[PDB]
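Q: First, the structure itself, so that you have it in front of you.
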Amino acid sequence: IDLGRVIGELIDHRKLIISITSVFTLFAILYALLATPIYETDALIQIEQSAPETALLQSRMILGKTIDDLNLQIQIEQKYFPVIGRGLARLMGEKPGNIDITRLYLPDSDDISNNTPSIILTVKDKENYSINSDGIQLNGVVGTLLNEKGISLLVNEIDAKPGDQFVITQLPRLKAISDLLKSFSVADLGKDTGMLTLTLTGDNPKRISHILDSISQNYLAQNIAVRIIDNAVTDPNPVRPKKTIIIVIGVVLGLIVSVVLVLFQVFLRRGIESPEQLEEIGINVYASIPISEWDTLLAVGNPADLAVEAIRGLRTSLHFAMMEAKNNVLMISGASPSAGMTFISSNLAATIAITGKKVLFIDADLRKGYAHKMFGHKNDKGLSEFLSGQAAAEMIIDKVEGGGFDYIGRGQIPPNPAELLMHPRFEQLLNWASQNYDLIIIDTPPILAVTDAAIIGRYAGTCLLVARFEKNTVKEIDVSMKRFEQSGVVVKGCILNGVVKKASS
Amino acid sequence: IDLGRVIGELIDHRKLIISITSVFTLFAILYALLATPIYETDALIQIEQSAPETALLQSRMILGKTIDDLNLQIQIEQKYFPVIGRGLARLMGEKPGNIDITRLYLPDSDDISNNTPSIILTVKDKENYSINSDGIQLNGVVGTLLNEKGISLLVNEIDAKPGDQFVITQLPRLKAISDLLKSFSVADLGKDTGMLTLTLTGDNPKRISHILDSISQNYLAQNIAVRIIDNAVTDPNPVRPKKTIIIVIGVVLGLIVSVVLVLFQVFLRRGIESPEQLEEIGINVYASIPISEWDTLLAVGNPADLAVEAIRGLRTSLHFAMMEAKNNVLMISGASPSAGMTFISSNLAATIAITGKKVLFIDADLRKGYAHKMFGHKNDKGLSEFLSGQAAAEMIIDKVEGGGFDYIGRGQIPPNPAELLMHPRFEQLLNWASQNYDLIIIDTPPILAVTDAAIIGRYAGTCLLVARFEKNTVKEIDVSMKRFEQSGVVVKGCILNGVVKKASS
Amino acid sequence: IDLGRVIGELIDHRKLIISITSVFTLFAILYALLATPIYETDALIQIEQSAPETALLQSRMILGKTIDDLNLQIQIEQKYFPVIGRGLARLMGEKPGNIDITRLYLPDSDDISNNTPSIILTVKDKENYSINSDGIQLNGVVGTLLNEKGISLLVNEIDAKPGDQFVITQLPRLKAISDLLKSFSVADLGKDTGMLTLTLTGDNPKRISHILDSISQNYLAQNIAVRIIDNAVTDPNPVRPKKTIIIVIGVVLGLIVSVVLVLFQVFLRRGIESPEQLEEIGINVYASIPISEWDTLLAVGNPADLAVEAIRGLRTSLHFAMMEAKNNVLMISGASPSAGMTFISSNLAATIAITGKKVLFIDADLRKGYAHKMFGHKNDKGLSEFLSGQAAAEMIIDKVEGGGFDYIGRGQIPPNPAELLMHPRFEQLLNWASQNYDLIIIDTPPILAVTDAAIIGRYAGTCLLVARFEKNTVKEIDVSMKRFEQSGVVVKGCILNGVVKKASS
Ligand SMILES: Nc1ncnc2c1ncn2[C@@H]1O[C@H](COP(=O)(O)OP(=O)(O)O)[C@@H](O)[C@H]1O
Ligand SMILES: Nc1ncnc2c1ncn2[C@@H]1O[C@H](COP(=O)(O)OP(=O)(O)O)[C@@H](O)[C@H]1O
Ligand SMILES: Nc1ncnc2c1ncn2[C@@H]1O[C@H](COP(=O)(O)OP(=O)(O)O)[C@@H](O)[C@H]1O
Ligand SMILES: [Mg+2]
Ligand SMILES: [Mg+2]
Ligand SMILES: [Mg+2]
């Protein structure tokens with residue numbers, strides 16, 4: 001391999017790479033702007049050791065005393081239905097509300113799994129609110145305590161706009177202790193000094209400072225039955241999410257997945273890339289027709305098309321190739337269907353007729369031939385009707401309107417096309433036509449599908465294959481040439497079709 | 001690869017390398033001369049340990065006491081609108097001013113984000129000043145305190161020229177402590193001694209000394225409720241920016257990016273570099289025409305041009321190549337447009353006519369032919385009009401004024417050029433002309449674009465391709481030769497055009 | 001590569017290597033003999049630890065007390081205008097003078113940058129002196145103190161010749177302390193003992209001993225409110241500059257830069273080195289003419305020259321090469337101008353005429369031909385006048401005086417040389433001359449520049465190229481041979497010219 005090839009492949013697939021990288025970067029930006037910020041508060045205490053004090057601070061007694069003091073077993077969560085509602089509310093500048101609950105007691109269903117009872121509180125005004133646990137609706141008022149339906153609740157100082165909802169959960173004490181212990185860290189920072197740094201992370205910058213102050217005070221009171229140097233304060237810059245590293249990771253991930261996909265697609269290509277691939281085997285490529293981005297003939301609708309220019313190049317190439325041929329019959333065929341045989345043949349006939357030579361076009365695709373549709377037709381009396389014997393040699397020839405050449409349609413689809421094409425009346429037709437016309441072009445089905453082309457090619461002076469640019473492979477074209485030679489038909493060469501411009505070439 | 005090639009490439013691209021390196025060095029010099037200088041002050045104290053004292057010095061209690069003492073929570077910044085205004089003011093020798101503020105209290109909006117209120121003070125004279133916070137204009141006087149609009153301010157000892165502006169911010173205490181702690185360092189320097197080195201970096205050489213003295217005094221007073229050996233002094237040589245290393249890094253970065261760009265451009269070149277590239281394939285290069293830096297013929301305006309000398313070399317080469325040819329018709333063609341076919345053909349006709357031989361020039365570029373413009377014209381009755389049949393063989397031939405040879409213009413642009421060129425009247429014209437002239441030169445469109453050149457080349461005794469120096473590639477020229485041979489036209493050889501002098505060759 | 005080639009290259013470039021190495025060694029010797037000597041004084045004290053004492057000795061309190069005691073803040077420098085004046089004065093045996101200043105107080109301008117005020121003192125005699133600070137001239141006398149113009153000065157014991165000048169600077173205290181601390185070192189030398197070695201380097205062998213004694217005494221007095229074993233003494237042998245290592249480094253640096261330059265020049269050579277380089281391609285080198293270090297013909301002025309001997313060798317080689325040639329016309333040409341075509345042709349004609357054969361010399365360089373100047377001329381009626389038709393075949397032939405052969409000059413420079421040379425009168429001239437002379441030699445312009453040589457070579461029986469020894473390359477000669485063959489001219493071979501003797505061959 002070489003650098004030029006890889007750079008060309010990257011240039012060709014630029015749209016895919018850009019789209020994938022942009023999608024990944026957009027997802028990264030959305031996550032980094034919608035993820036909830038996490039603040040960190042710190043405190044510094046002095047040990048008058050410090051190896052067992054790390055375990056004493058994280059023991060369930062200290063944390064449990066803190067949780068009992070601060071009522072951390074009442075989980076209040078602002079209610080947003082979607083997974084991005086909270087982030088959108090924060091971005092729009094909306095101020096989150098809060099409720100001070102000093103007493104909560106749910107009926108404690110305590111089944112096998114749901115060990116955490118929860119209710120939903122809807123704020124109707126600054127004073128009253130509605131409560132629903134499992135569809136049971138109740139009404140409560142700030143101030144006076146509520147003892148109804150096995151539910152006890154005391155709510156103070158609602159701070160939210162009316163219509164807001166809050167999920168109130170009474171999680172078990174061990175769950176609260178585990179949650180507190182997950183986000184709480186103790187370090188020595190000197191490995192020998194009495195200095196201990198206590199760290200607590202959480203999404204509420206004031207609550208975490210209060211929690212760490214309570215932890216420190218409880219530990220201090222417990223020890224004297226240690227010195228608090230730095231009481232806990234919260235860093236106003238969140239520690240998570242780290243937006244810049246997230247976005248950089250997203251961009252690099254997009255680039256690497258795009259490069260992997262591009263390499264995978266490149267290594268899985270088998271189609272023909274250039275005429276030199278065919279010419280390595282020993283197949284003369286007589287032309288390369290580009291894609292015409294422009295039920296009518298292109299050589300007639302848009303005579304100045306680039307594809308028609310390539311076809312004129314093919315015409316002047318054939319005027320020299322088709323010399324010293326046994327007759328004036330040219331047979332266009334191919335390996336696979338929808339390669340361009342009818343396009344090539346019809347347009348070539350048009351470009352050769354505009355130069356003043358009489359041209360006959362025969363649609364010998366007795367199976368899926370649509371030439372009569374493209375030329376303007378009387379569908380009666382095609383090639384089939386002549387071959388089966390129910391027509392004459394003069395009632396099957398029609399004239400293309402915007403063309404300048406005659407044509408013979410397929411006719412009705414027969415049940416035995418390959419056996420009709422073997423009748424000697426076909427050779428009689430070709431011998432008769434080879435005296436009233438200057439050129440005869442025959443369109444045929446593929447050869448890798450059926451065998452009609454190989455029957456027709458016996459009476460053809462020149463035979464050319466059509467290879468589609470990306471679809472067919474060199475193996476298919478070689479197999480087709482060999483199958484034609486096995487049946488006694490000499491293929492003059494190939495015609496690459498549907499070519500497009502690639503920066504890797 | 002070899003050393004000579006890389007040295008030649010470096011010599012050829014010297015201008016690009018010099019420009020890029022100079023731009024990078026200029027940017028580095030601008031940064032190193034405009035970046036604000038940062039001074040460093042040091043102190044040395046003695047510990048009568050020293051592992052917890054590093055944490056005690058950087059604790060928020062000591063720094064907070066220092067900040068409360070020195071009022072470091074009032075941030076005063078000189079106002080320069082651009083990002084280089086301060087550096088320019090320092091370079092021009094301007095003395096920065098300062099204000100001693102002993103009391104500031106802003107209304108403390110304290111919204112979600114802007115936790116730091118700020119005002120702008122404009123100095124009108126040595127005594128009075130103007131204040132604007134959010135468009136609210138107020139006037140104040142040094143001395144008497146200001147208590148207006150929820151704003152309290154006491155300003156003493158303004159030292160600046162009138163018209164200067166100062167941004168006064170009241171940043172939060174924790175922000176001030178964090179900023180102080182970011183630029184403050186403590187080290188032991190012996191890992192066992194009681195000697196501690198305290199270091200403080202800042203842009204004001206006196207303020208940092210005062211701050212470090214206050215830090216040391218506060219720590220000393222706290223401990224006795226330690227010895228100060230070296231009170232803080234400031235090194236007058238700034239520690240940042242380090243100009244020499246910055247400039248060296250800039251120069252080396254410029255050199256490496258220039259070398260990378262040069263290597264990238266060299267590895268992405270595909271055009272023809274020397275006639276030997278064409279002669280490897282087996283194409284006889286008959287000449288190499290240099291660029292003529294000098295609507296007129298070069299072989300006439302400047303007969304002593306270097307390009308005309310190369311064309312005379314081509315003329316004497318052709319006088320030997322064109323022997324034993326079937327007729328006296330020469331066809332100049334090419335692979336891509338704007339390669340030099342009309343330049344080469346017209347100048348060659350001029351140089352062959354100055355030697356006393358009758359020369360006919362034909363502009364068979366029926367699509368974009370401008371020869372009549374270059375020769376002085378009566379645009380009627382060109383090649384088109386003759387081919388279509390509406391003109392005679394004698395009404396199309398005109399004479400070049402400063403030339404010495406006849407010519408035939410294209411005429412009106414036809415709708416079917418390639419089909420006009422196939423008429424036998426073209427061959428009749430060439431056969432008639434081959435008896436009244438000594439040489440016939442035909443200019444043609446490219447062959448990779450259209451097929452006109454391949455129609456004309458049937459009646460041409462000699463055919464030569466023109467390859468542009470850097471534009472065309474060996475692949476294009478090989479494809480063109482093969483496409484000409486496929487149509488029965490033997491190409492004698494090639495003509496390299498637009499050559500320039502490269503030190504890598 | 002092989003050892004013989006590199007040894008030969010080194011022998012060939014011996015002069016360059018010797019010159020570069022001698023220049024580098026001279027610069028090294030000048031630096032090592034003009035750099036100011038730096039003495040080192042040492043002391044040894046005993047610590048009754050020693051880790052904090054290193055920091056206590058280098059603290060600003062001890063050094064500041066020393067500087068206040070010894071007045072190290074008054075910098076007195078002997079005035080020499082050049083950067084080598086002090087070294088020259090020391091080498092000539094001149095004794096430096098000194099002044100004891102016990103009180104200095106400058107006005108202390110104290111601007112942004114110049115924090116060190118300074119004055120210049122000129123010694124008029126043993127008693128009085130002149131002072132200038134910024135053009136303000138004052139006169140002072142030893143003894144009585146000076147208090148004038150904001151300048152206070154007390155000068156004692158001037159020791160210098162009259163007319164000497166001294167720069168007196170009052171540098172800031174911190175600058176003096178930093179300078180003292182830069183050259184002062186403390187070491188333990190045992191890592192555990194109480195022994196401390198104090199080291200001080202400076203250019204005054206007595207002052208540094210006094211300074212180190214003061215440092216030790218101040219530290220000793222401070223500690224007792226330690227034992228001084230070895231009071232400071234100065235090593236009379238300077239520690240810097242180390243002359244021998246400096247000179248060795250200079251010599252080795254010169255050798256390596258010379259070798260690098262030689263290798264770079266060798267790898268950048270492209271010219272022809274030996275006739276075998278041409279004979280590899282398949283070009284017969286018929287001679288190799290050496291440089292003639294000796295407006296006249298060499299074969300006439302100095303017939304026994306070595307170059308004329310090589311030309312006689314070429315003559316006897318040609319007498320065999322030029323057999324079976326179609327006529328007796330020899331054409332000397334070349335690739336690039338100033339290769340030796342006229343030298344070779346004229347001298348060859350002289351050496352062939354001295355053997356009794358009639359020789360005609362033609363100067364067909366119609367552009368820059370100076371043969372008539374070298375032969376003695378009547379500049380009228382040259383080749384140009386004959387070709388244009390305004391002269392006869394007998395009025396253009398002249399006789400060389402000290403030669404023995406006839407010649408034809410170019411004549412007036414024409415506007416169309418290449419088109420004059422194509423006239424059939426040139427062939428008529430050559431055919432007429434080929435019957436009255438035994439040999440005809442034609443001198444021509446280069447072929448890589450113009451095409452005249454290729455026009456003339458059609459009528460030349462033998463054609464030889466001239467390649468200059470170092471200038472031309474094998475590529476140029478191959479291109480020239482190919483361009484001659486493209487135009488139908490067979491080049492018999494080459495002639496290497498301007499050869500010199502190289503030890504690498
Ligand atoms: N170079 C081309 N540019 C534009 N359209 C093309 C080109 N080649 C084929 N086609 C069109 O795509 C369709 C498939 O080609 P077609 O020749 O009809 O199939 P088949 O090869 O099986 O006979 C057709 O409608 C044809 O007009
Ligand atoms: N060696 C050259 N030196 C100077 N100008 C040139 C040279 N070769 C081509 N040109 C000029 O650049 C333009 C493009 O060349 P041209 O021959 O006219 O295009 P084309 O090859 O398509 O016929 C022209 O204006 C031509 O005069
Ligand atoms: N081997 C040589 N020894 C001494 N002088 C030489 C030698 N070769 C050429 N020259 C002199 O150097 C100059 C350049 O050579 P010359 O033959 O005149 O140029 P050109 O090859 O273009 O005709 C001349 O003055 C010539 O006399
Ligand atoms: Mg079909
Ligand atoms: Mg053109
Ligand atoms: Mg000369």
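Chain lettering (A, B, ...) mirrors the order of the structure tokens, residue numbering begins at 1 for each chain separately, and ligand numbering begins at 1 in order of display.
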At a cut-off of 9 Å around ligand 5, and using only C-alpha atoms and all ligand atoms, what residues come up? Please write them as a list in words.
A: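 Final answer, ordered by chain and number: residues 333, 337, 338, 339, 340, 341, 342, 343, 363, 365, 368, 369, 370, 371, 443, 444, 445 and 446 of chain B.
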Q: Using only C-alpha atoms, determine which residues lie at most 12 Å from residue 281 of chain C, disregarding the query and same-chain residues fewer than 4 positions distant; provide the list as a ChimeraX atom specification.
A: /C:275-277,285,474-475,477-479,481-482,493-494
Q: Mind checking which residues fall within 10 Å of residue 130 of chain A, counting only C-alpha atoms, ignoring those fewer than 5 positions away in the same chain, and posting them as an MDAnalysis selection string?
A: chainID A and resid 120:124 137:141 165
Q: Residues of chain B that have any atom at most 6 Å from an atom of chain A: could you tabulate them with the shortest-distance atom pair and the distance in Å to one decimal, using only C-alpha atoms, ordered by chain and increasing number, as a Markdown table?
A:
| residue | atom | partner | partner_atom | distance |
| --- | --- | --- | --- | --- |
| B:52 | CA | A:193 | CA | 5.5 |
| B:451 | CA | A:313 | CA | 5.3 |
| B:487 | CA | A:317 | CA | 4.6 |
Q: Counting only C-alpha atoms and all ligand atoms, which residue out of A:83, A:72, A:499, A:364 sits closest to ligand 4?
A: A:364
Q: Please identify the strand (DSSP E or B) residues within segment 16-265 of chain A (assignment by DSSP from backbone atoms) and present them as number ranges by chain.
A: A: 38-46, 74-78, 98-105, 118-123, 128-132, 137-141, 146-148, 151-159, 165-170, 184-187, 195-202, 227-240
Q: I'd like the interatomic distance between atom CA of residue 331 of chain C and atom CA of residue 463 of chain C, to a tenth of an Å.
A: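 Taking atom CA of residue 331 of chain C and atom CA of residue 463 of chain C, their separation equals 4.7 Å.
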Q: Please identify all polymer residues within 10 Å of residue 440 of chain A, counting only C-alpha atoms, omitting same-chain residues fewer than 6 positions from it, and present them as a PyMOL selection string.
A: chain A and resi 327-331+349+358-362+406-407+430+433-434+460-461
Q: Name the residues in contact with residue 183 of chain C at a cut-off of 6 Å, using only C-alpha atoms, excluding same-chain residues fewer than 3 positions from it; report them as a ChimeraX atom specification.
A: /C:180,200-201
Q: Identify, on the basis of only C-alpha atoms, every residue whose closest approach to segment 18-33 of chain A does not exceed 10 Å; exclude the query and any residue fewer than 2 positions from it along the same chain; express the result as a count of residues only.
A: 31
Q: Pick out the closest residue to residue 273 of chain C from this set: C:472, C:63, C:186, C:39. Count only C-alpha atoms.
A: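 Selected residue with least distance to residue 273 of chain C: C:472.
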Q: Could you jot down the atom CA of residue 457 of chain B to atom CA of residue 489 of chain B separation for me, Å, one decimal place?
A: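 Separation between atom CA of residue 457 of chain B and atom CA of residue 489 of chain B: 5.8 Å.
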Q: What are the DSSP alpha helix (DSSP H) residues of segment 210-389 of chain B, as number ranges by chain?
A: B: 210-223, 243-267, 275-281, 298-301, 306-321, 341-353, 371-375, 383-388
Q: Pick out the residues sitting within 7 Å of residue 498 of chain C, and hand them over as an mmCIF file with N, CA, C and O atoms, in the first residue's frame; count only C-alpha atoms, and ignore anything fewer than 6 positions along from it in its own chain.
A:
data_model
loop_
_atom_site.group_PDB
_atom_site.id
_atom_site.type_symbol
_atom_site.label_atom_id
_atom_site.label_comp_id
_atom_site.auth_asym_id
_atom_site.auth_seq_id
_atom_site.Cartn_x
_atom_site.Cartn_y
_atom_site.Cartn_z
ATOM 1 N N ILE C 289 41.990 17.242 -22.121
ATOM 2 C CA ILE C 289 42.893 18.384 -22.202
ATOM 3 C C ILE C 289 43.032 18.976 -20.805
ATOM 4 O O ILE C 289 42.012 19.274 -20.170
ATOM 5 N N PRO C 290 44.242 19.127 -20.281
ATOM 6 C CA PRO C 290 44.417 19.736 -18.963
ATOM 7 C C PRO C 290 44.327 21.257 -19.030
ATOM 8 O O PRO C 290 44.363 21.868 -20.096
ATOM 9 N N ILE C 291 44.213 21.864 -17.850
ATOM 10 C CA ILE C 291 44.202 23.317 -17.752
ATOM 11 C C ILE C 291 45.574 23.863 -18.122
ATOM 12 O O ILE C 291 46.606 23.354 -17.672
ATOM 13 N N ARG C 468 33.191 20.227 -20.387
ATOM 14 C CA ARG C 468 34.075 20.804 -19.389
ATOM 15 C C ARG C 468 34.173 19.868 -18.193
ATOM 16 O O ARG C 468 33.226 19.153 -17.859
ATOM 17 N N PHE C 469 35.343 19.868 -17.553
ATOM 18 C CA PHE C 469 35.688 18.864 -16.557
ATOM 19 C C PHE C 469 34.729 18.868 -15.375
ATOM 20 O O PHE C 469 33.986 17.904 -15.178
#
Q: Rounded to one decimal in Å, what is the spacing between atom CA of residue 372 of chain C and atom CA of residue 424 of chain C?
A: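 Answer for the atom CA of residue 372 of chain C to atom CA of residue 424 of chain C separation: 24.2 Å.
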Q: Counting only C-alpha atoms and all ligand atoms, figure out which residue out of A:344, A:429, A:449, A:211 gets nearest to ligand 1.
A: A:344
Q: Choose the residue, out of A:374, A:57, A:119, A:397, that has the smallest atom-to-atom separation from ligand 1; count only C-alpha atoms and all ligand atoms.
A: A:374
